[PDB]
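Undergrad: Handing you this structure, nothing more for now.
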Amino acid sequence: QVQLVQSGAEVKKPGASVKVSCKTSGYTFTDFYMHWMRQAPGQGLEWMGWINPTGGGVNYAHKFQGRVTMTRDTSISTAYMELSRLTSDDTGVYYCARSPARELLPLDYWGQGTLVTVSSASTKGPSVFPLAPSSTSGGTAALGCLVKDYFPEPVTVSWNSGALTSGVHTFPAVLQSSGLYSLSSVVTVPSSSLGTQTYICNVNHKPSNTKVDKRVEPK
Amino acid sequence: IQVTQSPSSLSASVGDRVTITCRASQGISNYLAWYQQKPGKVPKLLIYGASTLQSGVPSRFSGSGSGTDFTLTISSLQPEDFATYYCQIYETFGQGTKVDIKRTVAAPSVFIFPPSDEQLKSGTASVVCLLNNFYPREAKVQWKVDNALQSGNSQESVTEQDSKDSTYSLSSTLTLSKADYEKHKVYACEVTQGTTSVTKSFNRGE
């Protein structure tokens, strides 16, 4: 086994700094280079730099030169990555990838990633509004919930405490101009059950430790 | 050192032979790697040198190319091979190629949801349009308020391809102030897809 475990998600105000750890096991930590990656939402991968764990020497990309600090602790086989003076386009998922010897091309093993969100907004619980059905679509009706104005990602939406899974589509969140995320979760159900079957969406927002249960009733 | 990866997105059926090409701007010897990334997942190394398959990768993945060609061929496509592929040239990564499951064209089931009364009391109205189980993913969504195109005050997102029917679903939200939402009557959502347009509408208060 070759394993790379990173620290939990971080939320930072602009101008602050974030530090992410990369605890490795299953191999000699000093025999391989450790690289740092990041991926903006909907974008590709870009390379930030690497650190040689033997002596701590680093090689940063010119984009992050003078703004990223990469260290390591051999006693715990952990590599650290710090990014200072954060900005909106510093939001993304950061990875630590292993490469053989004094190389950078083969990235055989990667960490699970660390979500870093940079914004002037503060962590806020979501406002769940009903997508109430009426039906004018044959024997199938559509209903759902609108998870509105929450920060940061992510939120998880289930239906009837997971009892209702067929026909459920939970769409990716969109970043509004106010800096707050908003997504919708929908489910197609038989129209004959709108007035009798109870439909409840369970929205969980771990960053704010807020769970909202909302019943969607027909109009 | 620059990278151009093509095609941006292709659609192929299971068992087909696909080729993804990514080209460098200059001589790179054999310093090119290929990676596979599924949505919400971690990138996985497939081929590292220029044709040297990583241990554990199935034989259907093959690499080839010299100079600046550097193709990537999958001999027989598999259900688990539908993802986005990246190529790496030194410290630069390519834009990426999305591999899609080919399927029949399907018209979406269009639903429109008026803003909830609960949300209207806070001063903001959000009307949501739902596109259910359509193909291909390329679909144009437009909002018309009192027979007038809005064009600049809406957002949308697309779910990942369904594992059963290989279709897509889209949700679009038109954001208006409470005052503006109550100055108009007709709200319509139009889906344009392959010589077919479907418009779902409702009248406020009716």
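FYI, nothing fancy with the structure tokens labels: chains A, B, ... in order, residues from 1 per chain, ligands from 1 as they appear.
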Residues of chain A were defined as contacting chain B if any atom lay at most 10 Å from it, counting only C-alpha atoms; please report them as a PyMOL selection string.

TA: chain A and resi 42-49+61+95+97+103-113+127-134+136-137+140-144+146+148+167+169-176+182-188

Undergrad: Could you dump the residues just selected with C-alpha atoms as an mmCIF file, in the first residue's frame?

TA:
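As written to disk, out02.cif reads:
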```cif
data_model
loop_
_atom_site.group_PDB
_atom_site.id
_atom_site.type_symbol
_atom_site.label_atom_id
_atom_site.label_comp_id
_atom_site.auth_asym_id
_atom_site.auth_seq_id
_atom_site.Cartn_x
_atom_site.Cartn_y
_atom_site.Cartn_z
ATOM 1 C CA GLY A 42 -14.646 23.121 -13.251
ATOM 2 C CA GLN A 43 -10.997 23.671 -14.246
ATOM 3 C CA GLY A 44 -7.985 21.440 -14.821
ATOM 4 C CA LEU A 45 -4.933 20.607 -12.743
ATOM 5 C CA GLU A 46 -1.982 22.954 -12.301
ATOM 6 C CA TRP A 47 1.381 22.387 -10.631
ATOM 7 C CA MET A 48 2.428 24.532 -7.658
ATOM 8 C CA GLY A 49 5.784 23.042 -6.676
ATOM 9 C CA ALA A 61 6.242 27.511 -9.913
ATOM 10 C CA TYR A 95 -3.569 17.598 -3.700
ATOM 11 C CA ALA A 97 1.222 13.703 -5.245
ATOM 12 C CA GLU A 103 11.596 13.541 -11.198
ATOM 13 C CA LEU A 104 8.292 15.361 -11.616
ATOM 14 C CA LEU A 105 6.538 13.576 -14.500
ATOM 15 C CA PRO A 106 5.167 10.309 -12.969
ATOM 16 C CA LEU A 107 2.644 11.048 -10.208
ATOM 17 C CA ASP A 108 1.803 7.493 -9.145
ATOM 18 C CA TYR A 109 -0.030 8.195 -5.866
ATOM 19 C CA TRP A 110 -2.162 11.157 -4.801
ATOM 20 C CA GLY A 111 -3.807 12.405 -1.642
ATOM 21 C CA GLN A 112 -7.559 12.540 -1.171
ATOM 22 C CA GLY A 113 -7.525 16.324 -1.575
ATOM 23 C CA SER A 127 -32.365 28.430 3.633
ATOM 24 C CA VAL A 128 -34.365 25.504 2.233
ATOM 25 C CA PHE A 129 -37.395 26.470 0.135
ATOM 26 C CA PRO A 130 -39.924 24.067 -1.420
ATOM 27 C CA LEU A 131 -40.174 23.305 -5.128
ATOM 28 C CA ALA A 132 -43.857 22.539 -4.741
ATOM 29 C CA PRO A 133 -45.571 20.517 -7.492
ATOM 30 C CA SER A 134 -49.102 21.130 -8.718
ATOM 31 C CA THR A 136 -49.394 18.854 -16.131
ATOM 32 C CA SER A 137 -46.811 16.198 -17.072
ATOM 33 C CA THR A 140 -45.153 11.827 -13.412
ATOM 34 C CA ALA A 141 -44.744 14.962 -11.296
ATOM 35 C CA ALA A 142 -41.606 16.810 -10.207
ATOM 36 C CA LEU A 143 -40.879 18.205 -6.745
ATOM 37 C CA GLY A 144 -37.776 19.210 -4.857
ATOM 38 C CA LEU A 146 -33.994 24.803 -3.216
ATOM 39 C CA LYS A 148 -30.292 28.730 -0.982
ATOM 40 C CA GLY A 167 -35.470 9.478 -9.672
ATOM 41 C CA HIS A 169 -31.197 14.352 -9.081
ATOM 42 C CA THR A 170 -29.046 16.568 -6.839
ATOM 43 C CA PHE A 171 -27.463 19.237 -9.025
ATOM 44 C CA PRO A 172 -24.061 20.871 -8.445
ATOM 45 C CA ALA A 173 -24.155 24.136 -6.536
ATOM 46 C CA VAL A 174 -23.701 27.480 -8.287
ATOM 47 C CA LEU A 175 -21.790 30.430 -6.828
ATOM 48 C CA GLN A 176 -24.054 33.480 -6.752
ATOM 49 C CA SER A 182 -27.108 27.534 -4.001
ATOM 50 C CA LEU A 183 -28.192 24.177 -5.426
ATOM 51 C CA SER A 184 -31.416 22.275 -6.047
ATOM 52 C CA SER A 185 -32.413 18.650 -5.516
ATOM 53 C CA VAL A 186 -35.374 17.208 -7.421
ATOM 54 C CA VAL A 187 -37.219 13.890 -7.549
ATOM 55 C CA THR A 188 -39.833 12.607 -10.002
#
```

Undergrad: Would you pick out the contacts of region 100-102 of chain B at 6 Å or less, using only C-alpha atoms, so that residues sharing its chain but fewer than 5 positions from it are not included, and give the list as a list in words?

TA: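 So, after excluding close chain neighbours, the residues are residues 11, 12, 13 and 82 of chain B.
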
Undergrad: Would you save the residues from that selection as a JSON list (two decimals), in the first residue's frame, using C-alpha atoms?

TA:
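Result file out.json:
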```json
[["chain", "number", "residue", "atom", "x", "y", "z"],
["B", 11, "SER", "CA", -18.93, 10.46, -27.25],
["B", 12, "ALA", "CA", -18.33, 6.75, -27.84],
["B", 13, "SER", "CA", -20.09, 3.46, -27.14],
["B", 82, "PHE", "CA", -15.92, 7.00, -19.05]]
```

Undergrad: Would you tabulate, counting only C-alpha atoms, all residues of region 108-181 of chain A that have an atom at most 12 Å from an atom of region 72-85 of chain A, showing the closest pair of atoms and their distance in Å to one decimal, sorted by chain then ascending number, as a tab-separated table?

TA:
```
residue	atom	partner	partner_atom	distance
A:111	CA	A:79	CA	11.3
A:114	CA	A:81	CA	11.1
A:116	CA	A:83	CA	10.4
A:118	CA	A:85	CA	10.2
A:119	CA	A:85	CA	11.9
```

Undergrad: What would the file look like if the residues just selected were written as a compact mmCIF listing (two decimals), in the first residue's frame with C-alpha atoms?

TA:
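Output contents, as saved in selection-v5.txt:
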```txt
# COMPACT_ATOMS: atom_id res chain seq x y z
CA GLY A 111 -3.81 12.40 -1.64
CA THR A 114 -8.23 19.33 0.63
CA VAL A 116 -9.83 25.39 0.48
CA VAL A 118 -11.40 31.75 -0.01
CA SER A 119 -14.10 34.42 0.16
```

Undergrad: Find, counting only C-alpha atoms, the residue in B:57, B:148, B:153, B:193 that gets nearest to residue 105 (chain B).

TA: B:193

Undergrad: Which residues are near region 201-216 of chain A? Cut-off 6 Å, only C-alpha atoms, ignore same chain within fewer than 6 positions. Put them as number ranges by chain.

TA: A: 125, 130, 132, 155-159

Undergrad: Any chance you could export the current selection's N, CA, C and O atoms as an mmCIF file, in the first residue's frame?

TA:
```cif
data_model
loop_
_atom_site.group_PDB
_atom_site.id
_atom_site.type_symbol
_atom_site.label_atom_id
_atom_site.label_comp_id
_atom_site.auth_asym_id
_atom_site.auth_seq_id
_atom_site.Cartn_x
_atom_site.Cartn_y
_atom_site.Cartn_z
ATOM 1 N N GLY A 125 -25.640 28.963 7.417
ATOM 2 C CA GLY A 125 -26.538 27.860 7.169
ATOM 3 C C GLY A 125 -27.477 28.142 6.013
ATOM 4 O O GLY A 125 -27.786 29.296 5.701
ATOM 5 N N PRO A 130 -39.314 25.187 -0.697
ATOM 6 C CA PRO A 130 -39.924 24.067 -1.420
ATOM 7 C C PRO A 130 -40.080 24.346 -2.908
ATOM 8 O O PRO A 130 -40.404 25.460 -3.327
ATOM 9 N N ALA A 132 -42.570 23.207 -4.887
ATOM 10 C CA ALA A 132 -43.857 22.539 -4.741
ATOM 11 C C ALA A 132 -44.416 22.136 -6.101
ATOM 12 O O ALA A 132 -44.421 22.950 -7.032
ATOM 13 N N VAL A 155 -22.967 20.549 0.737
ATOM 14 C CA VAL A 155 -24.183 20.116 1.412
ATOM 15 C C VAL A 155 -24.611 18.787 0.810
ATOM 16 O O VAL A 155 -24.349 18.499 -0.362
ATOM 17 N N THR A 156 -25.273 17.971 1.625
ATOM 18 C CA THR A 156 -25.780 16.673 1.206
ATOM 19 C C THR A 156 -27.294 16.669 1.352
ATOM 20 O O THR A 156 -27.821 17.086 2.389
ATOM 21 N N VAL A 157 -27.988 16.206 0.317
ATOM 22 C CA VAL A 157 -29.445 16.184 0.294
ATOM 23 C C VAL A 157 -29.902 14.746 0.103
ATOM 24 O O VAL A 157 -29.497 14.081 -0.859
ATOM 25 N N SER A 158 -30.741 14.270 1.016
ATOM 26 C CA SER A 158 -31.422 12.992 0.895
ATOM 27 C C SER A 158 -32.926 13.232 0.945
ATOM 28 O O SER A 158 -33.392 14.330 1.255
ATOM 29 N N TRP A 159 -33.692 12.192 0.625
ATOM 30 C CA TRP A 159 -35.145 12.288 0.600
ATOM 31 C C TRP A 159 -35.747 11.188 1.458
ATOM 32 O O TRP A 159 -35.406 10.011 1.294
#
```

Undergrad: Just list the residues in region 64-171 of chain B DSSP gives helix (DSSP H, G or I) on the backbone, as a VMD selection string.

TA: chain B and resid 79 to 81 117 to 120
